[PDB]
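J.: Input file: protein_11.pdb. Contents: PDB, C-alpha atoms.
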```pdb
ATOM      1  CA  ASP G 292      -7.614  -8.678 -13.257  1.00  0.00           C
ATOM      2  CA  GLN G 293      -8.946  -6.921 -16.344  1.00  0.00           C
ATOM      3  CA  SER G 294      -7.216  -9.642 -18.356  1.00  0.00           C
ATOM      4  CA  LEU G 295      -8.799 -12.182 -16.008  1.00  0.00           C
ATOM      5  CA  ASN G 296     -12.241 -10.951 -17.097  1.00  0.00           C
ATOM      6  CA  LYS G 297     -11.441  -9.682 -20.606  1.00  0.00           C
ATOM      7  CA  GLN G 318      -0.255 -12.345  -0.179  1.00  0.00           C
ATOM      8  CA  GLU G 319       0.474 -11.561  -3.826  1.00  0.00           C
ATOM      9  CA  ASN G 320       1.769  -8.037  -2.980  1.00  0.00           C
ATOM     10  CA  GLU G 321      -0.733  -6.597  -2.587  1.00  0.00           C
ATOM     11  CA  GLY G 322      -3.780  -8.779  -2.997  1.00  0.00           C
ATOM     12  CA  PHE G 323      -5.935  -6.622  -0.729  1.00  0.00           C
ATOM     13  CA  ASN G 324      -6.110  -3.896  -3.398  1.00  0.00           C
ATOM     14  CA  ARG G 325      -7.756  -5.781  -6.226  1.00  0.00           C
ATOM     15  CA  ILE G 326      -9.283  -8.286  -3.806  1.00  0.00           C
ATOM     16  CA  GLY G 327     -11.078  -6.002  -1.370  1.00  0.00           C
ATOM     17  CA  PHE G 328     -11.770  -3.380  -4.000  1.00  0.00           C
ATOM     18  CA  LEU G 329     -13.069  -6.076  -6.325  1.00  0.00           C
ATOM     19  CA  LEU G 330     -15.402  -8.137  -4.133  1.00  0.00           C
ATOM     20  CA  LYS G 331     -16.350  -4.962  -2.326  1.00  0.00           C
ATOM     21  CA  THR G 332     -16.678  -2.690  -5.335  1.00  0.00           C
ATOM     22  CA  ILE G 333     -18.384  -5.159  -7.678  1.00  0.00           C
ATOM     23  CA  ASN G 334     -20.986  -6.169  -5.067  1.00  0.00           C
ATOM     24  CA  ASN G 335     -22.716  -2.816  -5.375  1.00  0.00           C
ATOM     25  CA  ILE G 336     -26.149  -2.870  -7.020  1.00  0.00           C
ATOM     26  CA  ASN G 337     -26.782   0.891  -7.496  1.00  0.00           C
ATOM     27  CA  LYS G 338     -23.119   1.813  -7.653  1.00  0.00           C
ATOM     28  CA  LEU G 339     -23.201   4.795  -9.981  1.00  0.00           C
ATOM     29  CA  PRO G 340     -24.051   7.506  -7.427  1.00  0.00           C
ATOM     30  CA  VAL G 341     -21.879   5.911  -4.758  1.00  0.00           C
ATOM     31  CA  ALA G 342     -18.820   6.213  -7.013  1.00  0.00           C
ATOM     32  CA  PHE G 343     -19.419   9.957  -7.051  1.00  0.00           C
ATOM     33  CA  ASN G 344     -19.946   9.744  -3.277  1.00  0.00           C
ATOM     34  CA  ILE G 345     -16.544   8.239  -2.493  1.00  0.00           C
ATOM     35  CA  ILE G 346     -15.012  10.591  -5.062  1.00  0.00           C
ATOM     36  CA  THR G 347     -16.467  13.841  -3.783  1.00  0.00           C
ATOM     37  CA  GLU G 348     -15.959  12.999  -0.126  1.00  0.00           C
ATOM     38  CA  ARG G 349     -12.544  11.475  -0.455  1.00  0.00           C
ATOM     39  CA  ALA G 350     -10.761  14.048  -2.637  1.00  0.00           C
ATOM     40  CA  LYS G 351     -10.841  17.089  -0.390  1.00  0.00           C
ATOM     41  CA  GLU G 352     -11.593  15.482   2.936  1.00  0.00           C
ATOM     42  CA  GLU G 353      -9.321  12.505   2.552  1.00  0.00           C
ATOM     43  CA  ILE G 354      -6.365  14.364   1.018  1.00  0.00           C
ATOM     44  CA  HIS G 355      -6.484  17.031   3.689  1.00  0.00           C
ATOM     45  CA  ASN G 356      -7.356  14.321   6.215  1.00  0.00           C
ATOM     46  CA  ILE G 357      -4.154  12.358   5.668  1.00  0.00           C
ATOM     47  CA  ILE G 358      -1.918  15.345   4.901  1.00  0.00           C
ATOM     48  CA  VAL G 359      -3.228  16.966   8.052  1.00  0.00           C
ATOM     49  CA  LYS G 360      -3.266  13.728  10.006  1.00  0.00           C
ATOM     50  CA  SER G 361       0.383  12.709   9.779  1.00  0.00           C
ATOM     51  CA  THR G 362       1.705  16.182  10.604  1.00  0.00           C
ATOM     52  CA  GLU G 363      -0.648  16.221  13.566  1.00  0.00           C
ATOM     53  CA  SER G 364       0.633  12.813  14.668  1.00  0.00           C
ATOM     54  CA  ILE G 365       4.236  13.968  14.710  1.00  0.00           C
ATOM     55  CA  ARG G 366       3.081  17.449  15.817  1.00  0.00           C
ATOM     56  CA  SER G 367       2.162  16.047  19.212  1.00  0.00           C
ATOM     57  CA  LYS G 368       3.837  12.601  19.142  1.00  0.00           C
ATOM     58  CA  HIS G 369       7.323  13.625  20.130  1.00  0.00           C
ATOM     59  CA  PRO G 370       6.911  17.374  19.808  1.00  0.00           C
ATOM     60  CA  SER G 371       8.939  19.375  21.219  1.00  0.00           C
ATOM     61  CA  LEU G 372       8.968  21.764  18.302  1.00  0.00           C
ATOM     62  CA  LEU G 373      11.839  22.943  20.485  1.00  0.00           C
ATOM     63  CA  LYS G 374      14.414  23.880  17.969  1.00  0.00           C
ATOM     64  CA  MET G 375      11.733  26.502  17.724  1.00  0.00           C
ATOM     65  CA  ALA G 376      12.491  28.646  14.891  1.00  0.00           C
ATOM     66  CA  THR G 377      15.967  27.515  13.796  1.00  0.00           C
ATOM     67  CA  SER G 378      17.067  28.125  17.348  1.00  0.00           C
ATOM     68  CA  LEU G 379      18.189  31.214  15.321  1.00  0.00           C
ATOM     69  CA  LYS G 380      20.807  29.065  13.556  1.00  0.00           C
ATOM     70  CA  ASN G 381      21.998  31.409  10.838  1.00  0.00           C
ATOM     71  CA  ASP G 382      20.964  31.570   8.187  1.00  0.00           C
ATOM     72  CA  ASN G 383      21.322  29.157   5.866  1.00  0.00           C
ATOM     73  CA  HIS G 384      21.824  26.603   8.528  1.00  0.00           C
ATOM     74  CA  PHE G 385      19.449  25.189   6.004  1.00  0.00           C
ATOM     75  CA  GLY G 386      18.195  21.942   7.489  1.00  0.00           C
ATOM     76  CA  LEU G 387      21.607  21.586   9.041  1.00  0.00           C
ATOM     77  CA  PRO G 388      20.917  18.764  11.472  1.00  0.00           C
TER      78      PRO G 388
ATOM     79  CA  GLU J1029     -43.277 -27.277 -28.491  1.00  0.00           C
ATOM     80  CA  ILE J1030     -40.851 -27.652 -25.601  1.00  0.00           C
ATOM     81  CA  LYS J1031     -38.588 -25.626 -27.892  1.00  0.00           C
ATOM     82  CA  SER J1032     -41.355 -23.034 -27.615  1.00  0.00           C
ATOM     83  CA  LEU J1033     -42.634 -23.702 -24.079  1.00  0.00           C
ATOM     84  CA  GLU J1034     -39.997 -25.553 -22.077  1.00  0.00           C
ATOM     85  CA  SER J1035     -37.902 -23.092 -23.913  1.00  0.00           C
ATOM     86  CA  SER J1036     -38.501 -20.894 -20.920  1.00  0.00           C
ATOM     87  CA  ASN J1037     -39.753 -17.380 -20.214  1.00  0.00           C
ATOM     88  CA  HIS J1038     -38.390 -15.903 -23.460  1.00  0.00           C
ATOM     89  CA  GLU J1039     -41.502 -14.918 -23.385  1.00  0.00           C
ATOM     90  CA  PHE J1040     -38.988 -12.533 -21.933  1.00  0.00           C
ATOM     91  CA  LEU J1041     -41.097 -10.623 -19.368  1.00  0.00           C
ATOM     92  CA  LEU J1042     -38.258 -10.872 -16.869  1.00  0.00           C
ATOM     93  CA  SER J1043     -36.971  -7.949 -18.954  1.00  0.00           C
ATOM     94  CA  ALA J1044     -39.855  -6.092 -17.322  1.00  0.00           C
ATOM     95  CA  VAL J1045     -38.259  -7.129 -14.029  1.00  0.00           C
ATOM     96  CA  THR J1046     -35.120  -5.676 -15.580  1.00  0.00           C
ATOM     97  CA  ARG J1047     -37.195  -2.601 -16.441  1.00  0.00           C
ATOM     98  CA  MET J1048     -38.387  -1.897 -12.887  1.00  0.00           C
ATOM     99  CA  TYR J1049     -35.401  -3.493 -11.145  1.00  0.00           C
ATOM    100  CA  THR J1050     -33.180  -1.609 -13.578  1.00  0.00           C
ATOM    101  CA  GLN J1051     -35.507   1.364 -13.245  1.00  0.00           C
ATOM    102  CA  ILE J1052     -34.534   1.447  -9.548  1.00  0.00           C
ATOM    103  CA  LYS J1053     -31.030  -0.050  -9.206  1.00  0.00           C
ATOM    104  CA  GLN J1054     -29.879   1.883 -12.281  1.00  0.00           C
ATOM    105  CA  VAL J1055     -31.574   5.164 -11.311  1.00  0.00           C
ATOM    106  CA  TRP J1056     -28.207   6.201  -9.814  1.00  0.00           C
ATOM    107  CA  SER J1057     -26.686   6.878 -13.266  1.00  0.00           C
ATOM    108  CA  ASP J1058     -29.403   8.375 -15.491  1.00  0.00           C
ATOM    109  CA  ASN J1059     -30.821  10.563 -12.711  1.00  0.00           C
ATOM    110  CA  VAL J1060     -27.228  11.309 -11.639  1.00  0.00           C
ATOM    111  CA  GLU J1061     -27.309  13.791 -14.508  1.00  0.00           C
ATOM    112  CA  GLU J1062     -31.041  14.388 -13.973  1.00  0.00           C
ATOM    113  CA  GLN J1063     -31.769  14.782 -10.242  1.00  0.00           C
ATOM    114  CA  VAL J1064     -33.386  18.190 -10.914  1.00  0.00           C
ATOM    115  CA  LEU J1065     -34.162  17.148 -14.433  1.00  0.00           C
ATOM    116  CA  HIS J1066     -36.878  19.523 -15.634  1.00  0.00           C
ATOM    117  CA  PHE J1067     -35.407  22.395 -13.553  1.00  0.00           C
ATOM    118  CA  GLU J1068     -32.095  23.567 -12.073  1.00  0.00           C
ATOM    119  CA  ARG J1069     -32.830  23.645  -8.335  1.00  0.00           C
ATOM    120  CA  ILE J1070     -30.613  20.631  -7.634  1.00  0.00           C
ATOM    121  CA  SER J1071     -28.872  21.700 -10.885  1.00  0.00           C
ATOM    122  CA  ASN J1072     -29.226  18.754 -13.244  1.00  0.00           C
ATOM    123  CA  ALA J1073     -29.962  18.349 -16.956  1.00  0.00           C
ATOM    124  CA  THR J1074     -33.183  16.720 -18.140  1.00  0.00           C
ATOM    125  CA  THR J1075     -31.507  13.610 -19.610  1.00  0.00           C
ATOM    126  CA  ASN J1076     -31.967   9.974 -18.621  1.00  0.00           C
ATOM    127  CA  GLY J1077     -32.343   7.904 -21.809  1.00  0.00           C
ATOM    128  CA  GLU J1078     -34.804   5.285 -23.050  1.00  0.00           C
ATOM    129  CA  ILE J1079     -32.291   2.447 -23.545  1.00  0.00           C
ATOM    130  CA  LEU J1080     -33.795  -0.896 -22.523  1.00  0.00           C
TER     131      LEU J1080
END
```
Turn the structure described in the file into structure tokens.

T.:
Amino acid sequence: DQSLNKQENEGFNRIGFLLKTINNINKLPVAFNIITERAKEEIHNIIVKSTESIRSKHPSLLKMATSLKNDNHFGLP
Amino acid sequence: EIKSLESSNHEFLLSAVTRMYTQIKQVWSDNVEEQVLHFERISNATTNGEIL
């Protein structure tokens, strides 16, 4: 795409980020906006969000702690 | 004379439209270092540039 202006797996990346991200007219603060929101709040948002989703999806954290499987039953199952 | 006159607005005062239109739609980069410019309340350095 850089060489172009110097589903194709996955065309949504350069496509949506191109025609979205080039159609900004005062972009230069908004780049810092998506940066400074997305770093902390997105990284902790996803990394929280999946473990939440399993953490109530079929939890049952039963096999609560190890069920005392000694000791060094280190991820035995 | 059409190479002076039908040679269009160059006579380039649409660069003034680039000066106000790019004084507003490009105020998100120069003032991005200079939101507080002459002070440090919003903590920014007094630098925007005169280019164009």

J.: Tell me the residues of chain G close to chain J, meaning within 12 Å using only C-alpha atoms, as number ranges by chain.

T.: G: 335-344

J.: Once the PyMOL selection byres ((chain J and resi 1072) around 12) has been applied to the shown file, what residues remain in the selection, as a ChimeraX atom specification?

T.: /J:1058-1071,1073-1076

J.: Would you work out the distance separating CA of residue 1032 in chain J from CA of residue 1048 in chain J, expressed in Å to one decimal?

T.: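 Distance between the two atoms: 25.9 Å.
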
J.: Determine, counting all atoms listed in the file, which protein, DNA and RNA residues have an atom within 10 Å of an atom of residue 1080 in chain J; residues of the same chain fewer than 4 positions away are not included. Present the result as a PyMOL selection string.

T.: chain J and resi 1043-1044+1046-1047+1050-1051

J.: CA of residue 327 in chain G and CA of residue 293 in chain G, how far apart in Å?

T.: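 CA of residue 327 in chain G lies 15.2 Å from CA of residue 293 in chain G.
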
J.: What does the distance between CA of residue 295 in chain G and CA of residue 1042 in chain J come to in Å, to one decimal place?

T.: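 CA of residue 1042 in chain J lies at a distance of 29.5 Å from CA of residue 295 in chain G.
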
J.: Padding of 3 Å on every side, edges along x, y and z, all listed atoms of range 327-342 of chain G included: what centre and edge lengths in Å, to one decimal, does that box have, as lines of an AutoDock Vina configuration file?

T.:
```
center_x = -18.9
center_y = -0.3
center_z = -5.7
size_x = 21.7
size_y = 21.6
size_z = 14.6
```
